[PDB]
Structure formats: structure tokens, C-alpha cells
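The first chain written gets the first letter, and so on, giving A, B, C, D, E, F, G, H and I; residue counts start at 1 in each chain.
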């Protein structure tokens, strides 16, 4: 077992608690990068190496632009960190306490939330016995974006081009 | 359901609560909005990899594409607001009233 | 044709990078529809056996399905051997 | 050959898991050993805990993460 | 034995970094008609040792206005990622054999970007902030171009495994196959590693040492080590990707010797370029990639997608 | 004694590193700075001896005050000297830095940089030749070679 | 497991280097030494004030093009399919749309930094 | 002269030789004098696990043959 | 609301991706291909109301294959009982479960 997936899920939740308590965009981006890397690890354990690396790379590229924008638009004289503000520390501690309560309850018993029912057992238990051979099922399914999924490619490309046009039009000003 | 799905859904709920509770900056809200889609990506790929839905493996990529399209839209609106007011504070977006 | 020649002369003297970029892109778009080896590439991708060849239950009326792999019936990769 | 070996190994692990289940769940008031959780009688592939349920952590780890962690 | 292999991968890399410092000093000196360090040891061989001891026995200070947490983390992240990039390189056998070994290096490089950003922002000084923003722009441009160039070159290969790169380059060289992409990739690696003419984050002429202006003693040495490790790692990646060496499974030492020689040749080419050219402006660097490399990169990507199909030369998947 | 031998060897090792790796700050004020360039030049290459210019004061061990120090400039010199981390050394080069020089009786010149910073080596001349400055650097190295910080501490 | 061990080793070595750097040498800090650097004079303002970003549009275009390269990355596996013509058409379609985005921005002057 | 640069490049090359040769020697040492098995797919991993099981010593590199079947 | 242009024109825009029993690349089977096929075949052509009333057994088997809730309940029950039995020394695991056997090839 080794509980690697559960530990990484907990770190994922902690990073979300950080950037949702929202100290300042610098530390929010730091927490979001940490969460993205840990999510890459989670999906790597579950099987998807390409998907994990892709989400990590995309968020690493995206948080770079956010740093440049918060240096320009969203900065103040004394940027707030988690211990700097009472509201930020309160929200961070509340999120941490809620996550720890859920973790403890799930480990001690089969925790059924008000929304869904969760069973405390092996992520290794839920896995499948069967195997593929001499190809990666995830890689083949993603590569089927071009043979299958011609419609998805069309709508995605149109959306990207229109996004370029839109961001040029919004910032026109005048 | 395993506890992994519980953690991912809890992270999504935390990010959703972060977006709905503004503090001062619009940029922090955009970061919370980007985290929600990260959690959605992780949840969808965990579900798809577990059931061996081979053709669904392309869905998380489209999810990422429209995620960053939304991020681009938000950054453009943020620069226009900053040009108008000097800061990205949400308090300045008060000219229109209900 | 003189207008086109003058435009290409001016573009090659001001933006050779763009001239080369468009030429390479146009060659990439057009050439595959004229090359005779595209069908060969398709057949080579088909000839790769990723999964197991599940056998058919013989009904006594399948003359084109070999009884043994070495039988003359069945697909032949002799074209691929000498390629 | 590997298909035959895989089927025989899977069936043997299921049989010994069933024997251990019969030994353990003998004092349980309402418990039928080997009862399926599916209405259908079609053969259903064991998940991971039906095979490597009552086994050592080393074997469990190898079976569940050996391929992914092998670098 | 795996810990032993990790140590054998780490310690020689640091030693090679120190002697790359010495080699760059001497090569620049001889190109500038000087001798370079030749006094500290025999042919100046103890100069890196003297520099390292001096730096780590000197006093390091945290600026009064700095954010101490991100002030410390940044050199740690830089050196950690610099050492980590070496683990999937086949020489001829990788330490960690990854099915997708190239995307791992791309992701780790994109993460290695943030060390300089966080060190500059944490220092809380105007020169550091200017260097950090120069880093932002540089990473934008080189990142997009690097992604597409690597895509095309690996498309000539069949997969994302560096051992498969060796197998592909068994007979000829990817430089002979795709030299234009090789030129653009070399320029992109210069930009990625922040070497001249693209040394804009640490541009001494405009900024006083750039993003690490406030870093002193040990934390500065870690940034220097990380930069030089990145230089050597990128040159090794280029040598593997474009200058393929013959591999003999029973005597693998020959591949190691050839790989090391090609890596040293590319590193010396880096030093040569630094001695030979002036420095770009960062707006001119951004306009160089987007307006010159990106069109050619897209056209060559289309060409290298089409070429295997039209010539029936699609590489095997595995 | 064993401890005395160990501390002697250790502080010989530490002094060797500091002597053999000297990083002057990129800081020149007047005509004496041209002779620093000629010391950096191929004829008297200072890079041979491990002497390398660094722009940032945080990454410099030696401050070579080469030129006239004016009243309008003295605060900047003291500021950069303070920002240099320890151990740090000062080489005053030329008459203007040493004493007053040609401008000793002037309303706008500080009569010696030793009024502002603690100077370790004084190099005379107007300007000192590149060989004279190199001799001063070597004399500074020999002065570092005599430092016994660990030997003082052991007997402290 | 192996990759986790490698990452732990690298991080531990870097942290040990930092710890040695911050504890081995003699420390002597005061207000003047740790003040910020501005070429010898006190800074007029603060380094936390907004720093105008003259290439704000190129950053957003970079986000979109990063999405495009993410879409293009699975091409080596897509070239092993039997529908080579459909795969080629879709790959070229995506590349042509990326080129069209670049051409539109270039002609509409989105690559020119703000003055 | 320009050949005073060679000792530094020689030391750098000697340092760069160590990782690859060390990795090759360790791979051969921990795999019975043979190359480390490359398992990029589930089929190759299943082959390695079968080799471990049939070896009788819990080592996949201990290869068995005709003398073992009969 | 729903304009079935796909059905009218004979096109296929997302029906290939709607379900996991459809044509997959390299004929890779889904985890619950058999259960999904059985449920779809049961519920075809009778509408939503009759599908929910009458194919409930097939849907329950499909959901069981998807989520594995009853299976995990049984496994947790067996684990708890075994842990209780070995806590008081009333159960001794066999060597083949303790790792002292030679498995099958």
C-alpha cells in the first residue's frame, strides 16, 4: 500500500487550502505550482505519465504569466503572507483543520459525507488486474485525438484562434 | 469510492469556496478559478484511467485548453480594469448597481 | 506573372525567413497527396500486429483462411521484405 | 502459454483466498462463503483485493505498483 | 546500489561544473590573448577548489527587506533541479529509464525557471526585479520555440525515449537529417541556459549582477553551480539528440567516451560564442524567436509531420 | 599539541582559499581606474592570480579605491563598503586615495579614503603602474597568508 | 520509488549546502550591511511598487500557444494509426490555425511592445 | 599556450566518464553480469515477474533452461 | 432544445465517445465492457421509464463493476475479522499467505 496516493492527495488539498486562503498572488502561484506537481504525481501513480507531465508543464507555463501580471497589476507595498493577516491565517487554519478532520475520520472508519459515500480501503484494492501489451493504453487513447475526434480538433482550433482575436480586441482600449 | 476521490472533490470544493469569497485582489480570484480546473482535470483523469475508457483520455486535454482560454480572458479583463482604476481591487467595480 | 515575380523578388530581399517558411509549409501540405508511398505507409501501419490474432471457428466453407500460419492462404508481407 | 498460466494462477489464488475466508468467517452469524456481489452468473474478473487481499505487503506492492515504479 | 549510482551521478557532475568554470576562464583568456588561471595550482587546476572554499567560508547575509523563506528556497530549487535533469540521460544506460524521458526534462526545465523568479522577487530590490522580469520574457519565447522544435525532432524518432534516440542514430546523425532544426535548437538552448548573447537575467552591463545581486557566499555559489550544470546538461542533451554515437552492448565504454567528447565540444562552442558575440536586448530576443524562428519552426514541423508519411518511413512505436 | 596542529592546518587551508581567490568590486573613480584596466589587460593579466572583477558588492572581497574621493561621493563609498560581506579588504591606489593627492587642499575632496574606510594596503603613484598595483595585490595576498584566526581562537 | 529517492537526495544535498553556508562562517550583521542595494545610494521608492509590463499581450498569446503545443505533443503516437490521411489533415489543420493566429497578431501589431 | 587548457578539459572529461561507466558497471553487477532488463510495457514487466517466479531464488536475472525443465 | 442534426444527416460527431463499449483504438476493451453492453442491450428501445424499471438489475451490476462498493465492503469485513482473530491469536495465516511458498509461473 504505502499510502502514497493518499499522502499525495492530502498534499494536493493542502496546496489548495493555501492558494484559496489567498495570501497574495505570489504565494498563491507557489501553492498552485506545488498542487500541480503533486497532482502530476498522483496521476503518475494511477498510470497516466503523459497526462501528469502535460498538466505540470501547462501549469508551469501558466503561472509564469501570472507572476509577471502580479508584479505589474496585483502588487501592494506589503504583500500578504499566511501569517501576515488574521483573515488569511484563519482561512488557512480552517482549511487545514477540515482536511485533517476528514482524513482522520476516513482512516478511523468508512466515512460517508453528507454528499457522497467513501470507503476507507486500498487505492491498490480498487485497481485492475488486467494488463495491456506492447502499447500504452493512455498514449493510444490520447493519440486517437486525430483519427477519431476530428470534430473536437475543429472546435478546439476555432476556439484557440477566436481566443487570440478576443484577447486582441479586449485590450484594444481607445 | 476511494479516499482519493474524496480528497480531489474536497480540493475542488475548497477552490470553489475560495473564488466565491473575494478579499481585495481580482488576481487571487483568478488563481482560485485556475485551481478549480486543475482539480477537475485530476478527477477526470483519475476516473478515466481507472475504468480504461480509452477514447476518453483526450477529454482532459480539451479541459486544459478551455481552462487556459478562460485564464487568458480573465487576464485581459484584469489588465483593462487595472488600466482604468490603477489597481486590480474588486472594490472599484461598483459603478453598476442592482 | 510580372507582378508575382516582382512581389517574390521583394519578399526574398526583405523577408527571406517568411519566404522559406511559406515555401516549406506549402510543400508539406501538397506533397503527401502526390507521393505514391502514402499507401505503403498505411499498409505498414496495418501490418503491425499489436494485439493477438484471434482464430476463427472453421465452418468448412472458409477457403481463404489458412489452417496453419505457414499455409499459402493469408496476408503476405513479401512486398515489405523487399522494401 | 502465458494465457493458460495466468488463468491457472488466478484460479489458484481465488481458491486459496476462498479457503482462508471459510476458515476465518466461520463464527460470523450471517455470512455465506464465496457469495458473489453480482446478480449475473457470468465470470467476473477479480479486481485487486480479491486476489492479493490476504497476502504480504511486499507482494501487494509488487502486484500493484511494480510496473509503474520500475525505472 | 542505487544510492551508490546516485552518488556516482551527483559528485562527478559537481566536479565537472567546477572544472568547467576553470575551463571557461582559460578558454576566454586564450581567445582574449591572455593565459587565464595558471598560478593557483599546476596549470591552475586548484582554482575551482580555492573559489569554492572561499565562497563557502565567506559570510552570507539576508537583506533587511527580503522575504527569507523564498530567499532561501530559490537556490535550493535551482541546484536540486540542475542535479535532477541528469537522471534520464543514457550514457549509454540511464540511471532512471523513463518511457517519456523528454517531457520530463521539459517540465523540469520549466520548473527551473522559477528559481530565478523567486530569488529576484524575494531579494526585494529593483535590479533583482528587473532581472526577474527579463527572465519571464526570455522563458516565454524560448519555451514555445523549444517545445515545437523538440516535437519535430522526436517525430523523426518515433517516441520520447532517449535510448530510442540512440537506436535511431545508430546509422547516421539527426544533424545530417534535420540541421535547420538543429541550428534553431542550439540558439534556443543558449536562450534557455541564459548564456551569451542571451545572458539578460544576469546582465552585468545594464544591471549590477542582475537577479542574484543580493546573494552572497554560499547561496551565490549554488546559483553558479546550477547554471553551469544546466549548461553541461543541455549540451549533453543536444549531443544525444543530434550527434548520435555508435553503441556496443558488450563494451559500452566507447559510447561513454564518444558522448563525453561531443558534450565537451558543444560546451566549448558555448564558451566560444560567449567570447565572440555582443549581448542582445530582451525585446530583440522576443522579436527574434516569434518573428523569425516560430514561422520556420511551424513550417518545419509541418514538413516533418508529412515527410514520414509521404516517404513511408514512419518509425516504430516501440 | 594535536589541537594546535589541527587548527594551524585548518587556518592555513582557509587563508589559502582567500588568498588565491580575490574578487575586486567593479569600482573605479578617476584616472587611476585606467591602470586597473591595464592590469586586467593581457600584458599583466590579473586573472592568472585568481583576481576577478565582480560588479555586485555582495560578491566582492577587495575594494580597490582608485581615484579621488569627493565629499559628494564618500557616502556611496562607505555604503558599498558596508554592503560588502566579511572578510573584506581595502586597497587604496594612487595619491588621491592615499592622502589628498593633487587635490589635498580642496573644499570638495576627502583627504584620504582611510578617513572613511579601514585601508589594508596603500599603493603610491599618480597613477601607480600596472606592475605597482600588481605588487600591491601580491602584498595583500601575503598579508592574508599571515592571518591566524583559528590559531587566535584556539588560544582564546 | 527510485525517482522519489533521487529527488530526496538532491533536495537533501542542496539543503545541507545551504545549512553549511549559513552556519560555518563567522557572522557580523548590522543595519548598513543588510540594507538594499542601489549602487551606493538609498532607494527613492520601494521595490514592491507596480512594475509596468510592456509585453502583456505577448504573455497571453504565449498561454494560448502553450495550449497549442500541448495539443501537438501526442503526434508521435498518432502517426502509428491506420487513418494516416485523417491524422495528417488534422495535424496540418492545427498547425495552419496556429500560423493564422500568429499572422493575425503580427499584422494587427500585437507583437509590438507598448510605448 | 593553447595546450595549457587541455589539463582542465582532461579533468572535466574524466569527471564526465564516471557517471556512465559507473551506471553500466552497477547495472551489470546487480543483474548477474547482464544488461538491466528494460520493462517499458506490461508484457515486459510480466515477463520479468515470471522470470522471478520460475528462478526459485526471487531474482529475475537467474535464468533457467532445458536443465531445469528436465 | 435538441436538434438531432447528427441523426438526420447520418454524421458521427460525439457518439463515438458517448459510451465505453463503442469502437476503441486497437480494440482495447473497457473495464466494464460486458456489463455496459448487457445494460445497453436490455434498455435499448424501451425508453427511460421502462429502462429504469426493468433493466435495474443490469444497471446495478454495471454500477457495481464501475465503483466496486459491495466488493470493498466484503473485503473490509474480511480484513476486520481477520485482524480481530489474529489480535487474540485465534487465527494463524498459512505460509503461502505469509510469503513462504513458490508461486505458479
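We adopt the following convention: a residue touches a chain if its C-beta (ideal position, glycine included) is under 8 Å from a C-beta of that chain, and two chains touch if they have at least 3 such contacts.
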A correct list of chains touching both chain B and chain H reads A, I
Determine, using the mean of C-alpha atoms as each chain's centre, which chain is farthest from chain D. F
I'd like to verify one number: the distance from the centre of chain A to the centre of chain F, where each centre is the average of its C-alpha atoms, in whole angstrom. 53
Cα-centroid distance, chain B relative to chain F, in whole angstrom: 56
Centroid of chain E to centroid of chain F, CA atoms only: how many Å? 35
Which integer distance in Å separates the CA centroid of chain B from that of chain C? 42
Shared-contact residues (touching 2 or more other chains) in chain A: 47, 50, 54, 57-58, 61-62, 65, 68-69, 71-73, 117, 119-122, 125-128, 130, 132, 134-137, 140-145, 147-149, 156, 160, 163, 167, 171
Would you give the residues of chain B that are in contact with at least 2 other chains, written as numbers and ranges? 1, 50, 52-56, 61, 64-65, 68-69, 71-72, 75-76, 79
Where in chain D do residues touch two or more of the other chains? 5, 47, 49, 53, 71
In the complex, the residues of chain E that touch chain G are 2-3, 6, 10, 56-65, 72, 75-77, 79-81, 83-84, 87, 95-96, 103, 124-130, 133, 136-137, 140, 143-144, 147-148, 151, 154-155, 157-160, 208, 213-214, 217-219, 221-222, 283, 286-287, 290-291, 294-295, 298, 301-302, 305-306, 308-309, 314-315, 317
Mind listing the chain H positions that touch chain I in their complex? 50, 53-54, 56
Where on chain G does chain B make contact in their complex? 56, 59-60, 63-64, 66-67, 70-71
Under the touch definition given earlier, write down the residues of chain I that touch chain A in their complex. 13-14, 16-17, 24-26, 28, 31, 68-69, 72-73, 75-76, 79
Listed in rising order, chain E residues that touch chain H in their complex are 1, 4-5, 8-9, 11-13, 15-16, 19-20, 22-23, 26-27, 30, 35-36, 38, 42-45, 86, 91-95, 97, 99, 161, 163, 232, 249, 252-253, 255-257, 259-261, 263-264, 268, 318
